[PDB]
Amino acid sequence: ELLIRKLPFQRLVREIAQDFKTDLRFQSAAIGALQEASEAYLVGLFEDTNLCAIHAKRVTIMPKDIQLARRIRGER
Amino acid sequence: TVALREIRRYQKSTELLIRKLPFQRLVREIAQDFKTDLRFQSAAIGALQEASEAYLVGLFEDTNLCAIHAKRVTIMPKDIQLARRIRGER
Amino acid sequence: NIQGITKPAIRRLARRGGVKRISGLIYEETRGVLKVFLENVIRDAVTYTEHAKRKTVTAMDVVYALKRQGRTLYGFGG
Amino acid sequence: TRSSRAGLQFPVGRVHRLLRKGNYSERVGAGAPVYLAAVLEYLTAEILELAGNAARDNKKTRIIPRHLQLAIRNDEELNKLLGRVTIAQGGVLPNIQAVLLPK
Amino acid sequence: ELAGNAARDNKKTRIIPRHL
Amino acid sequence: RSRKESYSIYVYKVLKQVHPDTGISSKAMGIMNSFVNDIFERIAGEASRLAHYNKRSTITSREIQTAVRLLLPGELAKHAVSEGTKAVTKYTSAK
Amino acid sequence: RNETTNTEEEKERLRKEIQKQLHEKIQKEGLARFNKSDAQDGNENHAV
Amino acid sequence: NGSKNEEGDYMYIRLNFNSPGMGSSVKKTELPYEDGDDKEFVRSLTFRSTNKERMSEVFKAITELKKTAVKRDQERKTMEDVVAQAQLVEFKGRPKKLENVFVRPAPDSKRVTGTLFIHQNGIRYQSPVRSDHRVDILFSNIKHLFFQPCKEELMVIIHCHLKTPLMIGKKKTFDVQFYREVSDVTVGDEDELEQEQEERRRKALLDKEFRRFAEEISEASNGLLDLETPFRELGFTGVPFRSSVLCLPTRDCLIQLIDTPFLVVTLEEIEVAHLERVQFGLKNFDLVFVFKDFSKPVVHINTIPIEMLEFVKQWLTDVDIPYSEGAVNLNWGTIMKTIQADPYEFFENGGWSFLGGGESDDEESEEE
DNA sequence: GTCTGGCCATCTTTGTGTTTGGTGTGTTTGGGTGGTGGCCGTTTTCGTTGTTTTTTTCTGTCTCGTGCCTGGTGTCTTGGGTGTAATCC
């Protein structure tokens, strides 16, 4: 089951969409797919961050581990 | 100091760092396990060598990043395995 | 023929990659990684060649096999 | 020619023929090849501009693959566009990490 | 086949996205 | 003989249009030809996918423009769309 | 391949049957090791 | 604990004492006070003095006395589980010996090569630099004896896993490893091939020497000790501690001997295996071993590649170990305390069945 | 003596261009339908409101873990030293 609350996520998506074209409508399944993709992406990113943090002999994930993960993935 | 001199020297040049005949022999040895009596254009071997060196240099850059992340100067096999896992290769 | 990738060559590749100190097992690890990469690429190239009903591996097969992996190469007729 | 009518140097007939023989669509409108040729001409002009700058920076009057690699990897938008391509004889950018530098 | 195996290891008759 | 086509003369003309006192090696001309072919293939594949999504049999300039927008980054896409629109209007105004 | 996946999956039904026998075996083993008399004799680790 | 504050002409010391509520890091089994709901406690006393220097010295001396007391109590606790062993009986003839061996854990901070000797009731490691750095291991105290050859590793190993822990230098250990690194610096294509051949000959010679010596240890034990060799082909990668390592099955144990800390899991001591984070879209799962002795902490092997899942399930079945799978990581530290509190009630309810996700035993019928 | 530069005495085949000529794009007109446009339907997306209660939050407390500092190892290279070595008065 999805971990981010559905209505705050809807509001975030609408707020972000408000820049590219004013007053857009969204299907419900569109927001559901966006939430599934976002949570899958974040879980993978937390997996890589955990791997880096363990590599550094730690157990706490820190922002530099995220930065290293996004660098190695090739993310900008 | 000679290490840094070599780093400066090799990030300047573009010439292939593997000898041609060993790489050709390796390619033929590998290819012989899929089909006997195969021929290779010299440009195919050249392209393979360029791609392999570019791949290995990118991998060594990621490995160096991992090693510096752990606070080490020395790259280790665990660094390579971690970089290849994070890329999504292993 | 995998011994032909000598230790100085791996050292040179690491120096162009900016690596300052190298362990002793890095050479075997790199040989394994290179073998896996070359195995995949040559397998794809030979698949292309067999499909084209040829006995010679051209540069086009290598270029298409790299495009298949996502390793697009410029300057070989692509 | 159709290149002259549009004030272009790239070919319109060749691009239309390649679009026609490439199994892309049943029919191809007449404003697509002109637009695509203009885009390709703009992108090659940008690439060649930066590569000529990079070659003059090295005091050379001829562009080699090294200058193409430097122009690509030095421009943020191009380097994001050509993010997966490797250039034969392009080399790498000079980059030494902060912690490896001597003391 | 493997989805049926996984649904049978969870004592379930219906295949769901979890088993896929 | 084998009369195979390329973009070398056009790349050379563009170079002399932007940089008059600068030449180009043959290996770089090969790389530029490969680059042009690659970008063509990307744009045409995106245009085809868009046409098939929208149930149309035709590749027009709208598909090309939106594929350019999808593919290139912001400023680059903006300049490219500007150039393409300029060229299309100049070609359409005359005949 | 279909007859091999049937064969492999019947070996996997034997794998599951073994796993079920192992869970039933350990349940009974634990029930024998621990009697209700040991539960009555609770060596409460009162803080020493 | 206490604090010191300087205020005008006076120095203040606050001394805090142990009370419930403001409790120390001590476990529930041993309190620094006697249990009592009706007991009232002196929580803190604050003193002042005009003499600042002496009052600072008094505070330092209180703090030092506490550090010495805590150190002595830790040393006592580390010694409570050290069973006094019998004395090693020296062999009256020429003992069988293995030269140029390193020991882990090292009895001294300095890594020194030593000689390993076979005696009548055990083995003795003896450093040439100091006679006082002897390590004696009785055959009766060895639980498992492993030989790990140098094939893809740079070292050959002879590992002794112990029934009772030994004090080596300042460290209590269940594991004593004897090893020798073959890593040698050796530098046209003929010379490199000759060096690679010489390295292969050195590896094969060292493996033959260490294997023979490990067989001679097993023989000298009069059949008390079997020599185990790991099955490399059945090995899988995982993270039991802080590094990714190759875990290797043997006849009777799951081992990792290359990197410290060592992993030695005896298969017969396992009660159940639990596979955590087995869910669609994850690349890696975790494996948890629960022991028959519920007082022993569970062993985690983290970040196992999902490609090895069906192999690990097969291997656990072939070894008669029950397994369960779950999408979530469990709080084993709470579960094992509940099971320790009443093991009988735990098996009465159903025992390990709760690990099989949810026992709905009903058709989902999600499709309308 | 460090380091990036502006150049050299010799290697190598490349790089810009003219040329022959042929094929591939360009003009012309004809047809058939794809794609725009308009008009209608009706589902679905936004919008709000009330009531419940799970989730978020602020905070406190304690401890465990991260990060800094230390001894000792192996390793390449620079330097001061001395004994081997020896002949002259």
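Only the coordinates and a few stated rules stand behind these numbers; no lab work does. With ideal geometry, Cβ positions are generated from the backbone for all residues, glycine too; neighbour counts draw on all protein chains shown.
Over chain C, what lengths in whole Å, largest first, do the semi-axes of the equivalent ellipsoid take, defined as the square roots of 5 times the eigenvalues of the alpha-carbon gyration tensor?
Listed largest to smallest, the semi-axes of chain C are 30, 15, 10 Å.
Provide the net charge surrounding D:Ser3, with neighbours chosen by a C-beta distance below 13 Å and charges set as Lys +1, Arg +1, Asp -1, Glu -1.
Charge balance in the 13 Å sphere: +4.
When we measure straight from the Cα of G:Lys20, which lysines land under 18 angstrom away, once same-chain ones fewer than 8 places off are left out?
E:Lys11, E:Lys12, G:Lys11, G:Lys28, H:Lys313
Mean separation of Cα pairs under 8 Å and 6+ residues apart, divided by the residue count of chain F: what relative contact order is that in percent?
Computed over chain F, the figure is 17 percent.
Based on the mean of other beta carbon atoms within 10 Å per residue, what is the order of F:81-92, H:247-258, E:4-15, most packed first?
Per-residue Cβ counts within 10 Å, averaged per peptide and sorted highest first, yield H:247-258, F:81-92, E:4-15.
If one computes the Cα centroid of the stretch H:326-364 and of the stretch D:35-103, what distance in Å separates the two points?
Answer, in whole Å: 61.
Taking θ = phi - 60°, what integer Hz values does the Karplus form 6.51 cos²θ - 1.76 cosθ + 1.60 yield along the stretch D:87-98, in sequence order, with x for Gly and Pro?
Along the stretch D:87-98, the couplings run 9, 5, 6, x, x, 10, 5, x, 8, 10, 5, 5 Hz.
Treat chain H as a sphere of radius equal to its Kirkwood radius over Cα pairs and apply Stokes-Einstein at 37 °C in a medium of 0.692 mPa s; give the translational diffusion coefficient in µm²/s, rounded to a whole number.
128 µm²/s
Where a Cα-Cα gap under 17 Å defines reach, which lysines qualify for A:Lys64, not counting those fewer than 8 residues away within the same chain?
Within the straight-line limit of under 17 Å, A:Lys64 reaches these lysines: B:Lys71.
Cross-link candidates for H:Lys77: which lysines have Cα within less than 19 Å, leaving aside residues fewer than 8 places away along the same chain?
Qualifying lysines at Cα under 19 Å: H:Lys27, H:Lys28, H:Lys66, H:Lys67, H:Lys163, H:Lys170, H:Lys171, H:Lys172, H:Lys296.
Can you show me the helix-derived [θ] at 222 nm for chain B, built from DSSP H runs with n ≥ 4 at -39,500 (n - 2.57) apiece and divided by the number of residues, rounded to the nearest 500.
-22500 deg cm²/dmol
Hey, got the Cα dimensions of the stretch F:1-68 along the principal axes, in Å, largest first?
For the stretch F:1-68, the Cα spread along each principal axis is 48, 33, 16 Å.
Looking only at other chains, what is the average number of their beta-carbon atoms within 10 angstrom of each beta-carbon in E:6-19?
That works out to 5 on average.
Averaged across the residues of A:45-57, what count of C-beta atoms belonging to other chains lies within 10 Å of each residue's C-beta?
Across A:45-57, the average partner-chain Cβ count within 10 Å equals 5.
Just give me a number: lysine pairs in chain F, eight or more positions apart or cross-chain, with C-alpha atoms less than 30 Å apart.
20
Starting from the Kirkwood radius over alpha-carbon pairs of chain A, derive D by Stokes-Einstein at 37 °C in a medium of 0.692 mPa s and give it in µm² s⁻¹.
After rounding, the answer is 228 µm²/s.
Rank by packing, highest mean first: peptides C:16-22, D:87-93, H:77-83, with packing defined as the count of other Cβ atoms within 10 Å averaged across residues.
The densest-packed peptide leads the list: C:16-22, D:87-93, H:77-83.
Alpha carbon centre of the stretch F:65-84 versus the stretch H:237-272: separation in Å?
Value for the Cα centre distance between the two parts: 56 Å.
Taking θ as phi - 60°, what are the ³J(HN,Hα) couplings along the stretch B:71-85 by the Karplus curve (6.51, -1.76, 1.60), each to the nearest whole Hz, with x for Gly and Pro?
6, 10, 7, 8, 7, 10, x, 5, 5, 4, 5, 5, 5, 5, 5
Highest GNM mean-square fluctuation, chain D, Cα pairs closer than 10 Å: which of D:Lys21, D:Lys80, D:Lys60?
D:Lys21
Please find, in a Gaussian network model of chain F (springs between Cα atoms separated by less than 10 Å), the residue of F:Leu72, F:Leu50, F:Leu15 whose mean-square fluctuation is greatest.
In the Gaussian network model the winner is F:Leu15.
How many partner chain Cβ atoms sit within 10 Å of a residue's Cβ in peptide F:59-71, on average, as a whole number?
Shielding by partners across F:59-71 averages 5.
Local charge sum around G:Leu22 (other residues, Cβ-Cβ under 13 Å, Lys/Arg +1, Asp/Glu -1)?
In short, 0.
Using only the alpha-carbon atoms, how far is helix B:2-12 inclined from the longest principal axis of chain B? Give it as 0 to 90 degrees, nearest 10.
Roughly 50 degrees between the two axes.
Rounded, prolate or oblate: which one fits the protein assembly as shown, using the alpha carbon gyration tensor with axes a ≥ b ≥ c (rounded when a/c is under 1.5, else prolate when a/b beats b/c, else oblate)?
prolate
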